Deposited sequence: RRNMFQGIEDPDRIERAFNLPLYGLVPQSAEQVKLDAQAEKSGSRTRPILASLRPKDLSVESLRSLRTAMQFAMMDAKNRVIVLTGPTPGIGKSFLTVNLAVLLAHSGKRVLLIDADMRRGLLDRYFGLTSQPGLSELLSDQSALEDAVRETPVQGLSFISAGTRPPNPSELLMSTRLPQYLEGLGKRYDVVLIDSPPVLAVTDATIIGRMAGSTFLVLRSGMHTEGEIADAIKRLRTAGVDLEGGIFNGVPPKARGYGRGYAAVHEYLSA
């Protein structure tokens, strides 16, 4: 039975929810006519519709996430989730733009090197972590003023092994000083190794969950992996509220 009750989530797992993001009918429309026109560019709700209820809900979520990051003395924020299809791309990109709009210098990173498609909203991480590219080539300017971006890059055959290396942590330390926040869209926590990976990013970590998509045991499994790996799991983000 898919979980839709946010109160049930907070009490069952001691997971404070940093935001309730409604299912945007305007986002569904934008998605529909981009998939109809054969668009290779996903729209950014935050840039196109500043008054949308999901966007106002995202503005709230952003301030709360900033405070959490500052309390934890971090410069990296990590979004994860139990599975794909939960709105982790939508959230990470809209959050990055709102942080950039607030006045912050933001670095967005697509760390899902098996299915990351954050480039669609605008070499990448796979090359940088393979030493096929230097940092100054991987870091790209975005249409959005103040937002810089590192795509997932060419799909590698060893994405897990690349994220387990010394290089990612060491790049993140420098990038955390050159940018106000480093926002990472990480791969979903399917297994122990996924949790270890997210631990190495060492940022304020938020578990994305979509309404009606997860069973109680499914949420429990993701939380237990993150928590047993020693990840800084600040709280959750509940997405697609009807």
query: Sequence ranges absent from the coordinates, based on the deposited chain and numbered from 1; finding: 1-5, 128-132, 253-271
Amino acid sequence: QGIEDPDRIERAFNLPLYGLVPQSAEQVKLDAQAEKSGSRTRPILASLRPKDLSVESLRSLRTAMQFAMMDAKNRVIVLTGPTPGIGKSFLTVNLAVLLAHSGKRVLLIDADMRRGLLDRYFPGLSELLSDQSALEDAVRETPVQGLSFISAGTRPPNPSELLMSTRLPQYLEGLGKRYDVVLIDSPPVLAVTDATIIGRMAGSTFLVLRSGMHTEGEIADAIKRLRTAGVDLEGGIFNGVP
From here on, numbers count along this sequence of modelled residues.
property	result
Between the two ranges 111-119 and 92-100, the one averaging a larger CA B factor in the entry	111-119
Stretch with the greater mean C-alpha B-factor as recorded in the entry, comparing 142-150 against 81-89	142-150
Top Cα B factor in the deposited entry, candidates 63, 196, 204, 39	39
Deposited CA B-factor, highest of 182, 190, 34, 68	34
Lowest, middle or highest third - CA B-factor, residue 200	middle
Ranked C-alpha temperature factor of residue 135 among modelled chain residues, by third	highest
Chain-wide C-alpha B factor ranking for residue 129, given as lowest, middle or highest third	highest
Ranked C-alpha temperature factor of residue 30 among modelled chain residues, by third	highest
Chain-wide C-alpha B factor ranking for residue 222, given as lowest, middle or highest third	lowest
